[PDB]
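Data file: data_18.cif. Format and content: mmCIF, C-alpha atoms and all ligand atoms.
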```
data_input
loop_
_atom_site.label_atom_id
_atom_site.label_comp_id
_atom_site.auth_asym_id
_atom_site.auth_seq_id
_atom_site.Cartn_x
_atom_site.Cartn_y
_atom_site.Cartn_z
CA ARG A 24 -27.33 15.98 -23.80
CA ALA A 25 -24.05 14.31 -22.88
CA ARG A 26 -23.22 13.91 -19.18
CA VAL A 27 -20.22 15.20 -17.25
CA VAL A 28 -20.44 13.31 -13.99
CA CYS A 29 -18.33 14.61 -11.09
CA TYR A 30 -17.75 12.55 -7.95
CA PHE A 31 -17.06 14.78 -4.94
CA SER A 32 -15.19 13.28 -1.94
CA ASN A 33 -16.45 14.52 1.44
CA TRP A 34 -13.10 13.73 3.10
CA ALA A 35 -11.04 16.03 0.86
CA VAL A 36 -11.75 18.94 3.20
CA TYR A 37 -9.27 17.40 5.68
CA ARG A 38 -6.30 17.51 3.28
CA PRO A 39 -3.67 19.96 4.55
CA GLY A 40 -2.69 23.27 2.96
CA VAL A 41 -3.51 23.68 -0.73
CA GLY A 42 -4.99 20.17 -0.74
CA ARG A 43 -8.02 21.33 1.24
CA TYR A 44 -11.09 20.95 -0.95
CA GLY A 45 -14.67 21.57 0.19
CA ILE A 46 -18.14 22.18 -1.28
CA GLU A 47 -17.27 25.76 -2.13
CA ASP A 48 -14.44 24.50 -4.35
CA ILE A 49 -16.69 22.52 -6.69
CA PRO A 50 -16.71 24.09 -10.17
CA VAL A 51 -20.43 23.41 -10.52
CA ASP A 52 -20.78 24.82 -14.02
CA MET A 53 -18.32 22.26 -15.44
CA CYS A 54 -20.54 19.31 -14.44
CA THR A 55 -24.04 18.13 -15.35
CA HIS A 56 -24.26 15.67 -12.46
CA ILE A 57 -22.38 15.90 -9.18
CA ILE A 58 -22.27 13.06 -6.66
CA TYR A 59 -21.57 13.45 -2.93
CA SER A 60 -19.41 10.52 -1.77
CA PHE A 61 -19.99 8.56 0.41
CA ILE A 62 -22.80 7.42 2.71
CA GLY A 63 -22.86 3.77 3.79
CA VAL A 64 -25.16 1.16 5.26
CA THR A 65 -25.37 0.12 8.93
CA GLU A 66 -24.21 -3.39 9.73
CA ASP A 67 -27.17 -4.30 11.93
CA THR A 68 -30.29 -2.47 10.77
CA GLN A 69 -29.62 -1.98 7.04
CA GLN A 70 -30.20 1.76 7.25
CA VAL A 71 -28.33 4.65 5.66
CA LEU A 72 -25.07 5.20 7.55
CA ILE A 73 -23.87 8.79 7.68
CA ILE A 74 -20.10 8.37 7.67
CA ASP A 75 -18.96 11.85 8.85
CA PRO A 76 -21.95 13.28 10.74
CA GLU A 77 -20.02 16.27 12.14
CA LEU A 78 -19.22 17.34 8.60
CA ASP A 79 -22.20 15.93 6.67
CA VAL A 80 -24.99 16.97 9.07
CA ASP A 81 -23.77 19.28 11.88
CA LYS A 82 -21.76 21.53 9.53
CA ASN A 83 -24.47 21.05 6.90
CA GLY A 84 -22.30 19.34 4.29
CA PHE A 85 -25.16 17.49 2.56
CA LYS A 86 -27.36 20.57 2.36
CA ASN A 87 -24.62 23.01 1.36
CA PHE A 88 -24.03 20.61 -1.49
CA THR A 89 -27.62 20.18 -2.63
CA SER A 90 -28.46 23.88 -2.22
CA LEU A 91 -25.88 24.58 -4.94
CA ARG A 92 -28.87 24.04 -7.25
CA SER A 93 -30.13 27.53 -6.29
CA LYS A 94 -27.45 29.10 -8.47
CA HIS A 95 -27.15 26.14 -10.83
CA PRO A 96 -30.67 24.73 -11.34
CA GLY A 97 -29.82 22.60 -14.39
CA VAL A 98 -27.33 20.45 -12.46
CA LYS A 99 -28.36 17.22 -10.66
CA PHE A 100 -26.99 16.63 -7.15
CA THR A 101 -27.05 13.03 -5.94
CA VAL A 102 -25.37 10.96 -3.21
CA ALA A 103 -23.28 7.77 -3.57
CA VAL A 104 -23.65 4.80 -1.20
CA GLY A 105 -20.72 2.41 -0.76
CA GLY A 106 -17.20 3.00 -2.07
CA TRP A 107 -14.03 1.04 -1.30
CA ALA A 108 -13.62 1.89 2.39
CA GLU A 109 -17.19 0.78 3.21
CA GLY A 110 -16.34 -2.81 2.28
CA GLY A 111 -18.72 -5.23 0.60
CA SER A 112 -19.94 -7.57 3.35
CA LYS A 113 -22.57 -5.16 4.76
CA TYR A 114 -24.10 -4.86 1.28
CA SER A 115 -24.13 -8.59 0.59
CA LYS A 116 -25.83 -8.90 3.98
CA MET A 117 -28.33 -6.11 3.24
CA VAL A 118 -29.51 -7.62 -0.07
CA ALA A 119 -29.82 -11.19 1.20
CA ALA A 120 -33.53 -10.91 2.01
CA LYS A 121 -36.57 -8.99 0.80
CA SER A 122 -37.11 -7.64 4.31
CA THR A 123 -33.61 -6.19 4.70
CA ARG A 124 -33.75 -4.69 1.20
CA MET A 125 -37.03 -2.97 1.97
CA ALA A 126 -35.65 -1.55 5.21
CA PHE A 127 -32.73 -0.09 3.24
CA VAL A 128 -35.00 1.23 0.49
CA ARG A 129 -37.23 3.01 3.04
CA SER A 130 -34.18 4.48 4.77
CA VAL A 131 -32.81 5.68 1.43
CA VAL A 132 -36.06 7.40 0.52
CA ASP A 133 -36.21 9.19 3.89
CA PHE A 134 -32.58 10.28 3.49
CA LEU A 135 -32.94 11.68 -0.02
CA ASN A 136 -36.02 13.61 1.04
CA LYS A 137 -34.38 14.98 4.19
CA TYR A 138 -31.29 16.36 2.45
CA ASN A 139 -32.91 17.31 -0.88
CA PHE A 140 -30.88 15.00 -3.11
CA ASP A 141 -31.90 14.27 -6.74
CA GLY A 142 -31.27 10.53 -6.45
CA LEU A 143 -28.78 7.83 -5.54
CA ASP A 144 -25.61 6.36 -7.02
CA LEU A 145 -24.90 2.72 -6.10
CA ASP A 146 -21.22 2.08 -5.41
CA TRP A 147 -21.12 -1.37 -3.85
CA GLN A 148 -17.70 -2.85 -4.47
CA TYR A 149 -18.63 -5.49 -5.46
CA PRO A 150 -21.62 -7.84 -5.58
CA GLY A 151 -20.39 -11.45 -5.83
CA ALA A 152 -16.78 -10.62 -4.93
CA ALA A 153 -15.46 -13.26 -2.51
CA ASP A 154 -12.60 -11.03 -1.35
CA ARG A 155 -15.18 -8.36 -0.47
CA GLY A 156 -17.56 -10.49 1.59
CA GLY A 157 -19.75 -11.31 -1.38
CA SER A 158 -21.22 -14.59 -2.57
CA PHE A 159 -22.87 -16.14 -5.61
CA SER A 160 -26.41 -15.03 -4.83
CA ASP A 161 -25.44 -11.32 -4.84
CA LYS A 162 -25.94 -11.17 -8.61
CA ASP A 163 -29.68 -11.84 -8.52
CA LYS A 164 -30.19 -9.98 -5.27
CA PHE A 165 -28.33 -6.84 -6.40
CA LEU A 166 -30.66 -6.74 -9.39
CA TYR A 167 -33.64 -7.08 -7.01
CA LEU A 168 -32.37 -4.17 -4.92
CA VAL A 169 -32.08 -2.03 -8.05
CA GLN A 170 -35.57 -2.94 -9.27
CA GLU A 171 -36.99 -2.24 -5.81
CA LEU A 172 -35.20 1.12 -5.53
CA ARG A 173 -36.46 2.19 -8.96
CA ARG A 174 -40.02 1.29 -8.00
CA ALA A 175 -39.70 3.23 -4.74
CA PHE A 176 -38.31 6.24 -6.59
CA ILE A 177 -41.25 6.09 -9.00
CA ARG A 178 -43.71 6.03 -6.06
CA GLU A 179 -42.15 9.10 -4.51
CA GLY A 180 -42.93 10.90 -7.77
CA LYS A 181 -40.03 13.36 -7.72
CA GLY A 182 -38.24 11.96 -10.79
CA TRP A 183 -35.17 10.86 -8.81
CA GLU A 184 -32.34 9.24 -10.74
CA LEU A 185 -30.74 5.90 -9.87
CA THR A 186 -27.25 5.22 -11.21
CA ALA A 187 -24.42 2.76 -10.46
CA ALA A 188 -20.62 2.77 -10.55
CA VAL A 189 -19.48 -0.50 -12.15
CA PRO A 190 -16.23 -2.39 -12.88
CA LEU A 191 -15.17 -3.43 -16.36
CA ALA A 192 -13.35 -6.73 -15.79
CA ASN A 193 -15.30 -9.67 -17.21
CA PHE A 194 -15.01 -11.83 -14.11
CA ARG A 195 -16.53 -9.06 -11.99
CA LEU A 196 -19.38 -8.65 -14.48
CA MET A 197 -20.01 -12.39 -14.44
CA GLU A 198 -19.99 -12.43 -10.62
CA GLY A 199 -22.12 -9.38 -9.89
CA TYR A 200 -23.94 -7.74 -12.81
CA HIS A 201 -27.04 -8.81 -14.76
CA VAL A 202 -26.14 -6.28 -17.46
CA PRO A 203 -29.30 -5.95 -19.64
CA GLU A 204 -31.63 -5.89 -16.65
CA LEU A 205 -29.52 -3.41 -14.66
CA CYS A 206 -28.99 -1.03 -17.60
CA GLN A 207 -32.78 -0.93 -18.14
CA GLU A 208 -33.45 0.19 -14.56
CA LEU A 209 -30.58 2.68 -14.25
CA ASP A 210 -30.36 6.22 -15.67
CA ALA A 211 -26.63 5.89 -16.23
CA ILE A 212 -23.85 3.37 -15.79
CA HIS A 213 -20.71 5.05 -14.47
CA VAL A 214 -17.92 2.79 -15.69
CA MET A 215 -14.85 2.67 -13.45
CA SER A 216 -12.39 2.53 -16.30
CA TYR A 217 -9.43 3.12 -13.99
CA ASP A 218 -7.53 1.15 -11.35
CA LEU A 219 -7.15 -1.41 -14.15
CA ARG A 220 -3.52 -1.93 -13.06
CA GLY A 221 -1.78 -1.20 -9.79
CA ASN A 222 0.46 -2.49 -7.03
CA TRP A 223 -1.79 -5.52 -6.47
CA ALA A 224 -0.95 -6.68 -9.99
CA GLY A 225 2.76 -7.10 -9.24
CA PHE A 226 4.14 -4.96 -12.08
CA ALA A 227 4.31 -1.27 -13.06
CA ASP A 228 1.77 -0.09 -15.62
CA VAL A 229 -0.59 2.81 -16.37
CA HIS A 230 -3.99 2.25 -14.77
CA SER A 231 -6.37 3.52 -17.45
CA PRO A 232 -4.92 2.31 -20.77
CA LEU A 233 -7.30 3.03 -23.65
CA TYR A 234 -6.15 0.17 -25.89
CA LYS A 235 -4.42 -3.20 -25.48
CA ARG A 236 -0.61 -3.28 -25.20
CA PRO A 237 1.60 -6.18 -26.38
CA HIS A 238 2.37 -7.20 -22.76
CA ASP A 239 -1.34 -7.51 -21.88
CA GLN A 240 -2.05 -11.26 -21.45
CA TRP A 241 -4.62 -13.61 -19.81
CA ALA A 242 -6.84 -11.64 -17.36
CA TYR A 243 -5.32 -8.41 -18.70
CA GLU A 244 -5.80 -8.98 -22.43
CA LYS A 245 -9.11 -7.10 -22.60
CA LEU A 246 -8.66 -5.07 -19.40
CA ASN A 247 -8.45 -1.67 -21.07
CA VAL A 248 -10.96 1.12 -21.52
CA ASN A 249 -11.87 0.44 -25.16
CA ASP A 250 -12.35 -3.35 -24.80
CA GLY A 251 -14.03 -2.91 -21.43
CA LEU A 252 -16.66 -0.52 -22.75
CA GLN A 253 -17.11 -2.89 -25.70
CA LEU A 254 -17.71 -5.68 -23.17
CA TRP A 255 -20.52 -3.69 -21.52
CA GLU A 256 -22.10 -3.20 -24.97
CA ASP A 257 -21.70 -6.90 -25.84
CA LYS A 258 -23.38 -7.91 -22.58
CA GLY A 259 -26.39 -5.80 -23.48
CA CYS A 260 -25.96 -2.24 -22.21
CA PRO A 261 -27.08 0.49 -24.65
CA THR A 262 -24.37 2.95 -25.75
CA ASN A 263 -26.44 5.90 -24.51
CA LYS A 264 -26.44 4.57 -20.92
CA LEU A 265 -22.62 4.21 -20.60
CA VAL A 266 -20.57 7.00 -19.00
CA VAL A 267 -16.80 6.59 -19.17
CA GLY A 268 -14.75 7.19 -16.03
CA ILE A 269 -11.57 9.27 -16.20
CA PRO A 270 -9.17 9.15 -13.25
CA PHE A 271 -7.85 12.49 -11.93
CA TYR A 272 -5.19 10.54 -10.05
CA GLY A 273 -2.29 8.19 -10.68
CA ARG A 274 -1.37 4.73 -9.42
CA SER A 275 2.22 4.61 -8.23
CA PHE A 276 4.79 1.89 -7.57
CA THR A 277 8.08 1.38 -5.78
CA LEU A 278 10.35 -0.43 -8.19
CA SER A 279 12.40 -3.43 -7.10
CA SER A 280 15.89 -2.82 -5.71
CA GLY A 281 18.48 -2.16 -8.42
CA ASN A 282 15.87 -2.19 -11.19
CA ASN A 283 16.86 0.21 -13.96
CA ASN A 284 14.16 -0.88 -16.37
CA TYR A 285 11.35 1.69 -16.33
CA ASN A 286 9.25 0.25 -19.16
CA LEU A 287 5.62 -0.77 -18.85
CA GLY A 288 5.43 -4.16 -17.17
CA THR A 289 8.64 -3.81 -15.17
CA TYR A 290 8.92 -5.70 -11.86
CA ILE A 291 8.15 -3.88 -8.63
CA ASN A 292 8.72 -4.15 -4.90
CA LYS A 293 5.22 -5.39 -4.17
CA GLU A 294 5.78 -5.45 -0.41
CA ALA A 295 6.25 -1.66 -0.43
CA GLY A 296 2.52 -1.55 -1.25
CA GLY A 297 2.96 1.08 -3.96
CA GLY A 298 4.82 4.36 -4.39
CA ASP A 299 5.62 6.53 -1.37
CA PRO A 300 2.67 8.65 -0.15
CA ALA A 301 2.32 12.17 -1.49
CA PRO A 302 1.95 15.19 0.83
CA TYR A 303 -1.78 15.92 0.40
CA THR A 304 -3.51 12.59 -0.19
CA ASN A 305 -1.05 10.74 2.08
CA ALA A 306 -1.78 7.32 0.58
CA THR A 307 0.67 4.67 -0.56
CA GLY A 308 0.23 3.83 -4.23
CA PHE A 309 -1.99 6.84 -4.93
CA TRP A 310 -1.28 10.41 -6.16
CA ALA A 311 -3.85 13.12 -6.93
CA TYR A 312 -3.37 14.75 -10.34
CA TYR A 313 -2.19 17.97 -8.72
CA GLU A 314 0.42 16.08 -6.70
CA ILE A 315 1.73 14.65 -9.95
CA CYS A 316 1.89 17.79 -12.08
CA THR A 317 3.57 19.80 -9.32
CA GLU A 318 6.36 17.21 -9.27
CA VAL A 319 6.60 16.17 -12.90
CA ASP A 320 5.85 19.38 -14.82
CA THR A 321 8.08 21.94 -13.03
CA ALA A 322 10.88 23.48 -15.09
CA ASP A 323 13.59 21.84 -12.98
CA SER A 324 11.86 18.50 -12.41
CA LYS A 325 14.15 15.48 -12.15
CA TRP A 326 11.25 13.23 -13.17
CA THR A 327 11.31 11.55 -16.56
CA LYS A 328 7.96 11.58 -18.37
CA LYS A 329 7.07 8.98 -20.98
CA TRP A 330 4.08 8.07 -23.07
CA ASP A 331 2.35 4.71 -23.49
CA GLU A 332 1.93 4.73 -27.28
CA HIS A 333 -0.75 2.02 -27.21
CA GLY A 334 -2.63 2.82 -24.01
CA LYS A 335 -2.36 6.55 -24.67
CA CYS A 336 -1.46 7.46 -21.08
CA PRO A 337 1.53 9.24 -19.54
CA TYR A 338 3.79 7.75 -16.94
CA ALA A 339 6.71 9.29 -15.07
CA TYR A 340 9.47 8.01 -12.87
CA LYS A 341 12.35 9.08 -10.67
CA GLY A 342 14.62 6.86 -8.61
CA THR A 343 12.57 3.94 -7.32
CA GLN A 344 9.28 5.78 -7.92
CA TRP A 345 6.98 5.21 -10.92
CA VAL A 346 3.50 6.65 -11.53
CA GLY A 347 0.96 6.16 -14.32
CA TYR A 348 -1.87 8.68 -14.72
CA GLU A 349 -3.94 10.88 -17.05
CA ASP A 350 -2.82 14.26 -18.37
CA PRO A 351 -4.46 16.75 -20.73
CA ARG A 352 -3.13 14.90 -23.76
CA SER A 353 -4.53 11.53 -22.64
CA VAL A 354 -7.83 13.01 -21.47
CA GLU A 355 -8.34 14.79 -24.83
CA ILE A 356 -7.76 11.47 -26.59
CA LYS A 357 -10.36 9.80 -24.39
CA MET A 358 -12.89 12.61 -24.91
CA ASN A 359 -12.57 12.22 -28.69
CA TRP A 360 -12.92 8.46 -28.36
CA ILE A 361 -16.09 8.80 -26.25
CA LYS A 362 -17.70 10.91 -29.00
CA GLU A 363 -16.47 8.49 -31.69
CA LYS A 364 -18.16 5.59 -29.85
CA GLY A 365 -21.35 7.50 -29.04
CA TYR A 366 -21.32 6.92 -25.27
CA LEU A 367 -23.47 8.97 -22.88
CA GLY A 368 -20.58 11.00 -21.49
CA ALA A 369 -17.59 11.25 -19.14
CA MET A 370 -17.21 10.74 -15.39
CA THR A 371 -14.33 11.68 -13.08
CA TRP A 372 -12.99 10.20 -9.91
CA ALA A 373 -12.73 12.76 -8.47
CA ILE A 374 -13.23 16.50 -8.89
CA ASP A 375 -11.27 17.27 -5.67
CA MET A 376 -8.02 15.99 -7.27
CA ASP A 377 -8.03 18.17 -10.40
CA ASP A 378 -5.52 21.04 -10.27
CA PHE A 379 -8.25 23.20 -8.76
CA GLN A 380 -5.74 25.72 -7.32
CA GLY A 381 -3.88 26.13 -10.61
CA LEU A 382 -0.62 25.07 -8.98
CA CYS A 383 0.67 23.90 -12.38
CA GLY A 384 -1.11 26.29 -14.72
CA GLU A 385 -4.80 26.54 -15.64
CA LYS A 386 -7.14 25.97 -12.66
CA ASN A 387 -9.37 22.92 -13.13
CA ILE A 388 -7.56 21.96 -16.31
CA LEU A 389 -8.87 18.37 -16.52
CA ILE A 390 -12.55 19.00 -15.81
CA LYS A 391 -12.45 21.87 -18.30
CA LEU A 392 -11.48 19.28 -20.93
CA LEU A 393 -14.42 17.04 -20.07
CA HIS A 394 -16.75 20.04 -20.07
CA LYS A 395 -15.38 21.44 -23.34
CA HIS A 396 -15.82 18.17 -25.25
CA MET A 397 -19.08 16.98 -23.77
CA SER A 398 -20.99 20.25 -23.83
CA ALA A 399 -20.50 20.44 -27.62
CA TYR A 400 -21.45 16.81 -28.20
CA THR A 401 -24.79 15.26 -29.15
CA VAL A 402 -25.27 11.68 -27.92
CA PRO A 403 -26.55 9.55 -30.83
CA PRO A 404 -29.36 6.94 -30.59
CA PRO A 405 -28.33 3.44 -29.34
CA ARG A 406 -26.21 1.57 -31.90
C1 LIG B 1 -21.85 25.22 4.74
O1 LIG B 1 -21.96 26.61 4.51
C2 LIG B 1 -21.81 27.38 5.69
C3 LIG B 1 -22.15 28.83 5.36
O2 LIG B 1 -21.30 29.25 4.32
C4 LIG B 1 -20.38 27.23 6.21
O3 LIG B 1 -20.21 27.96 7.42
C5 LIG B 1 -20.07 25.76 6.46
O4 LIG B 1 -18.71 25.59 6.78
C6 LIG B 1 -20.43 24.91 5.23
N1 LIG B 1 -20.27 23.50 5.57
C7 LIG B 1 -19.45 22.70 4.88
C8 LIG B 1 -19.36 21.27 5.34
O5 LIG B 1 -18.79 23.06 3.91
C1 LIG B 2 -0.64 9.52 6.71
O1 LIG B 2 -1.26 8.24 6.67
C2 LIG B 2 -0.87 7.37 7.72
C3 LIG B 2 -1.42 5.97 7.49
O2 LIG B 2 -0.76 5.42 6.37
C4 LIG B 2 -1.33 7.94 9.06
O3 LIG B 2 -1.02 7.03 10.10
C5 LIG B 2 -0.63 9.28 9.26
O4 LIG B 2 -1.07 9.89 10.45
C6 LIG B 2 -0.90 10.19 8.06
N1 LIG B 2 -0.14 11.42 8.19
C7 LIG B 2 -0.77 12.59 8.13
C8 LIG B 2 0.08 13.82 8.03
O5 LIG B 2 -2.00 12.69 8.16
#
```

Show me, as structure tokens, the structure contained in the file I just sent.
Ligand SMILES: *[C@@H]1O[C@H](CO)[C@@H](O)[C@H](O)[C@H]1NC(C)=O
Ligand SMILES: *[C@@H]1O[C@H](CO)[C@@H](O)[C@H](O)[C@H]1NC(C)=O
Amino acid sequence: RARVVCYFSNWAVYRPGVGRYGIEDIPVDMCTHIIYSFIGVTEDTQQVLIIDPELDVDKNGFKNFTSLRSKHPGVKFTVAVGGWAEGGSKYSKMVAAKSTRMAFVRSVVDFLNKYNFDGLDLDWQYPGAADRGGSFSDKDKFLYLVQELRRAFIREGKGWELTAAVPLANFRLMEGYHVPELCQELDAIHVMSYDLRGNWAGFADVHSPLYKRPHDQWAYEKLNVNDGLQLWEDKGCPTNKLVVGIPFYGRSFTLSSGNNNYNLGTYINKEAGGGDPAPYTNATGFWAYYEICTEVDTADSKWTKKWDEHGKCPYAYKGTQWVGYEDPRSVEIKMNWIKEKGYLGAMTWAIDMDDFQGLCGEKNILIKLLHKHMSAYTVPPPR
């Protein structure tokens, strides 16, 4: 009764060579819930925005995805609205008034019906965030949107789920999330327990540390997976609504010129914007898991791999390049910790970045770990 929640990126199909990942590559049987990412909202009319219509509609992306239920009827297939690239201002604008919320809600209902989705995942990043076009009133009005969506889903009578991807930093919770009221309306809270460190922070560090490290101070003191999930509990979310995100990617850095200190917390060349882009994801500061293992794990690799003894995450470096990530050892540790805490399950961003080709060894090695641990686990009653 635990969840294994798999986000699927619709843009992964454009990655070159062995990076190409489409609907047919999803290992459906390893997941209990799979989420097509992303749709957005229109700026002007507050309706569902289809972001890649040639792929999503003309080549039948949405329906290929949802029709996977024919062979796997026990799996739920939903869609996510929002995500980083969509920005936050259109969402803050959409929730500002009852009328614009109801237009969005109606559009959502039409969309889910048309493409046979099982529900909606809310991925607005983030209500109340000033750097993302948000403002103070988002907190109340995001809750209203959620209540109104739930009521609309009830009226449709198809048992649709409504979930949300959420941050774990306290200031973001204070700015955007009425925790007890949201957790009551949502079927699951997908906690983004990753991107907790990165180039924007100005130092090198792993991005999903499980526990506090000695160098964690001020806004970072509690910014780790364990304390962050504890924060969601403390703010009123039941343990059996919390799903813990696991990143299948690493955050990378370019170290400062002449820096020979590779320890956690070491200074970086912030203006570089992150580590050099990798060949398949082509994004500064970001490496898919398979881009990491093909570089770090080869027999003749010149990369040095280390282990964060407190955060329980690997990191690796070579030259000016430094990457923190999750590997089978760190994922296993997190799976055991999820069961120890009694949380609802595990989530991954994102299934298209697992070693799905088996370039490094076992195909789909990371999602197999989530599936192995969660499928044998019984979620206990709320604590
Ligand atoms: C959907 O499936 C059809 C038939 O297999 C295929 O031709 C098409 O490329 C698929 N669309 C996408 C977006 O994967
Ligand atoms: C890689 O990303 C950059 C933007 O950073 C883009 O301009 C460039 O065309 C991309 N290269 C490939 C091979 O897609």

Subject >> Protein and nucleic acid residues within 10 Å of ligand LIG 2 (chain B) (all atoms listed in the file) as a PyMOL selection string >> reply: chain A and resi 37-39+300-307

Let me have the centre and edge lengths in Å, one decimal, of the box along x, y and z around every listed atom of ligand LIG 1 (chain B) with 6 Å of margin on each side, as lines of an AutoDock Vina configuration file.
```
center_x = -20.4
center_y = 25.3
center_z = 5.7
size_x = 15.4
size_y = 20.0
size_z = 15.5
```

Subject >> Contacts with ligand LIG 1 (chain B) at most 6 Å, all atoms listed in the file counted, listed as a ChimeraX atom specification >> reply: /A:45-46,78,82-84,87

Dump of C-alpha atoms for the selected residues, as a short mmCIF file (atom, residue, chain, number, x, y, z; two decimals), in the coordinates of the input:
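Output file part.cif follows:
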```cif
data_model
loop_
_atom_site.label_atom_id
_atom_site.label_comp_id
_atom_site.auth_asym_id
_atom_site.auth_seq_id
_atom_site.Cartn_x
_atom_site.Cartn_y
_atom_site.Cartn_z
CA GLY A 45 -14.67 21.57 0.19
CA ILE A 46 -18.14 22.18 -1.28
CA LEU A 78 -19.22 17.34 8.60
CA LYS A 82 -21.76 21.53 9.53
CA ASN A 83 -24.47 21.05 6.90
CA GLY A 84 -22.30 19.34 4.29
CA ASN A 87 -24.62 23.01 1.36
#
```

Which residues are close to residue 272 in chain A, i.e. within 9 Å by only C-alpha atoms, leaving aside same-chain residues fewer than 2 positions away? Reply as a PDB file with C-alpha atoms, in the frame of the given file.
```pdb
ATOM      1  CA  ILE A 269     -11.570   9.270 -16.200  1.00  0.00           C
ATOM      2  CA  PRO A 270      -9.170   9.150 -13.250  1.00  0.00           C
ATOM      3  CA  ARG A 274      -1.370   4.730  -9.420  1.00  0.00           C
ATOM      4  CA  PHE A 309      -1.990   6.840  -4.930  1.00  0.00           C
ATOM      5  CA  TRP A 310      -1.280  10.410  -6.160  1.00  0.00           C
ATOM      6  CA  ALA A 311      -3.850  13.120  -6.930  1.00  0.00           C
ATOM      7  CA  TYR A 312      -3.370  14.750 -10.340  1.00  0.00           C
ATOM      8  CA  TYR A 313      -2.190  17.970  -8.720  1.00  0.00           C
ATOM      9  CA  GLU A 314       0.420  16.080  -6.700  1.00  0.00           C
ATOM     10  CA  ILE A 315       1.730  14.650  -9.950  1.00  0.00           C
ATOM     11  CA  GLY A 347       0.960   6.160 -14.320  1.00  0.00           C
ATOM     12  CA  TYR A 348      -1.870   8.680 -14.720  1.00  0.00           C
ATOM     13  CA  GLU A 349      -3.940  10.880 -17.050  1.00  0.00           C
ATOM     14  CA  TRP A 372     -12.990  10.200  -9.910  1.00  0.00           C
ATOM     15  CA  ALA A 373     -12.730  12.760  -8.470  1.00  0.00           C
ATOM     16  CA  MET A 376      -8.020  15.990  -7.270  1.00  0.00           C
ATOM     17  CA  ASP A 377      -8.030  18.170 -10.400  1.00  0.00           C
TER      18      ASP A 377
END
```

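Ranking A:215, A:64, A:103, A:53 by their shortest atom-to-atom distance to residue 186 in chain A, with all atoms listed in the file included, puts A:103 first.
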
Subject >> Option closest in space to residue 299 in chain A, from A:279, A:190, A:265, A:345 [counting all atoms listed in the file] >> reply: A:345

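Minimum distance to residue 233 in chain A across A:260, A:120, A:205, A:358 (counting only C-alpha atoms) occurs at A:358.
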
**OP:** Tell me, as JSON, numbers by chain, which residues lie within 8 Å of residue 202 in chain A, counting only C-alpha atoms; anything in the same chain fewer than 4 positions away does not count.
**Re:** {"A": [196, 206, 255, 258, 259, 260]}

Subject >> All residues 9 Å or closer to range 318-323 of chain A, all atoms listed in the file, same chain fewer than 5 positions away omitted, as number ranges by chain >> reply: A: 313, 328, 339-340, 383

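Remark: for residue 227 in chain A, the closest of the candidate residues A:275, A:60, A:139, A:380 is A:275 (distances computed over only C-alpha atoms).
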
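Each of A:204, A:198, A:48, A:81 was checked against residue 378 in chain A using only C-alpha atoms; the smallest atom-to-atom distance is that of A:48.
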
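Minimum distance to residue 396 in chain A across A:357, A:137, A:86, A:364 (counting all atoms listed in the file) occurs at A:357.
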